[PDB]
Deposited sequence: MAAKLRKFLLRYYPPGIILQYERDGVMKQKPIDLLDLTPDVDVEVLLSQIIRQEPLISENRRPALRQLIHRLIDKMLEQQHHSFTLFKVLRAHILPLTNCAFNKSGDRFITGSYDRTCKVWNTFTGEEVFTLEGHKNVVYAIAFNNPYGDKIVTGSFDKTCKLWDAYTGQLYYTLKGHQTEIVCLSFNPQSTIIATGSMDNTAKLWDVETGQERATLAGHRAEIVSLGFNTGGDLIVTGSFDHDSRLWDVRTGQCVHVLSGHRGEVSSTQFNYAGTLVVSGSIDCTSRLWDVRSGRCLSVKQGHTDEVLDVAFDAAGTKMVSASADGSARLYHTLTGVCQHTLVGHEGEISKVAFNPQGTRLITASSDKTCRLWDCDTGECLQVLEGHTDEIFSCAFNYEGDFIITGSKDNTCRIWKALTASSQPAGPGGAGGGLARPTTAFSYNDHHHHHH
């Protein structure tokens, strides 16, 4: 029995709240353009969904109009010295009103991005805290992965330590909660990933098979599958419930640097030190596309929120921006004097930011490829840049051990 409709803007969608206890069932409108014929779309929504009856069509119509009206619509907010010893990572929560930092001082700090207050100092690790993450629709739990082979689970509101996850034989170098925040994944330099249960802390599975370090992780939107990128030149698709590898995605002639699912969960993009990015079919595990044109290592790959466009960042100082379905290269973004470590789309998929070793983060227009803004102020390389969920705030992390928060015009 349907109880509520909720609008999702990034990527477009409509969430179905029911009574049966509350799950939410999503209507994903990934290919929504402003010129959509609304009645055909409304008709197939009511047809596809047995919980949506004909009488809800007027409500459905106004929701879709708000989504269309939303497609028809940066200054320094704060500088914060996070640590004295090397800053390794930084990450927003969903809203952006909190961010976490990890360091060579074996801590993860929780920061109030409005006030600059260091809310908590998470201590107990005995080596570099290298990877950190929020359970980031919710933001109430924090996972820290360290070179002391261990991963810690914390409460973001009390600072309290829930669990210490032991089992890896070597440094932990990447991690992620799943979307439902029920399972933690840690990838290590012992060539394995491990899945852990958040409520019990007990290890749930070990994902073995890679022949070298796991540099990259990622769950799909449904928490159904997980991809791992590895120095053995492969990425692997794993089923989170069985614990088994479903596909080995080979084609990279060099170690994988980055991996990511599209929102639909039907594609993976990997970038690699062999100067290429690759597009894979999840269903069959085959390579749909090899994307060259970069002259130096590809360091980061991203889809936009909907997955209609994809971008690759390289050591050649450029970002190449493609259209996912056709594969056409729309723009090559030149301008950075250094290598490009990180790239992100805004939630609306209309602009793009890049973090570079030239101590600069640039804002680009996806339609024209013009550099809209050059974000300056860091005194060393920028290793990171990310938007909050709405795109009004950006966080850059640098090797100057400083975080800079940027805010969009009001």
Checklist outcome for this item: Per the record, the structure omits deposited positions 1-3, 24-25, 79-83, 421-452
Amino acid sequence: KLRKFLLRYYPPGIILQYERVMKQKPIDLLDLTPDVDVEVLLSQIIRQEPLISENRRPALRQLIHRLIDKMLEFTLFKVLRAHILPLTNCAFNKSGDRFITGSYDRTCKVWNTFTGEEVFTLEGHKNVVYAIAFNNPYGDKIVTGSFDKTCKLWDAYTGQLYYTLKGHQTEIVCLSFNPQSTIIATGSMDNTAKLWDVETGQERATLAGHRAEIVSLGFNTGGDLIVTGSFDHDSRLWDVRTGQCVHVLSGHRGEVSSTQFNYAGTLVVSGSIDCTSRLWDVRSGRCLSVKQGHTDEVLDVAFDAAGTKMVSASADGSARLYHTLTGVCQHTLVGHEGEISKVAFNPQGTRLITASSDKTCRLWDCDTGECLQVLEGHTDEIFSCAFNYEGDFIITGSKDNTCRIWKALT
From here on, numbers count along this sequence of modelled residues.
Checklist outcome for this item: Entry B factor averaged over C-alpha atoms, 1-9 against 399-407: higher for 1-9
Checklist outcome for this item: Quick note on 45-53 and 350-358: per-entry mean CA temperature factor is higher in 45-53
Next on the checklist: Using only the C-alpha B-factors in the record, can you name which of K291, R98, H210, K141 has the highest?
Outcome noted: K291
Checklist entry - Per the coordinate record, which of the options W238, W111, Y163, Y263 holds the highest CA temperature factor? => result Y163
Next on the checklist: What third of the chain does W196 rank in for C-alpha temperature factor, lowest, middle or highest?
Outcome noted: middle
Next on the checklist: By the recorded C-alpha temperature factor, relative to the other modelled residues in its chain, which third is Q202 in?
Outcome noted: highest
Checklist entry - Taking the C-alpha B-factors as the PDB entry records them, is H378 in the lowest, middle or highest third of its chain? => result highest
Checklist entry - C-alpha B factor of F393, ranked within the chain: lowest, middle or highest third? => result lowest
Checklist outcome for this item: Chain-relative C-alpha B factor for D234 (record values, thirds): the lowest
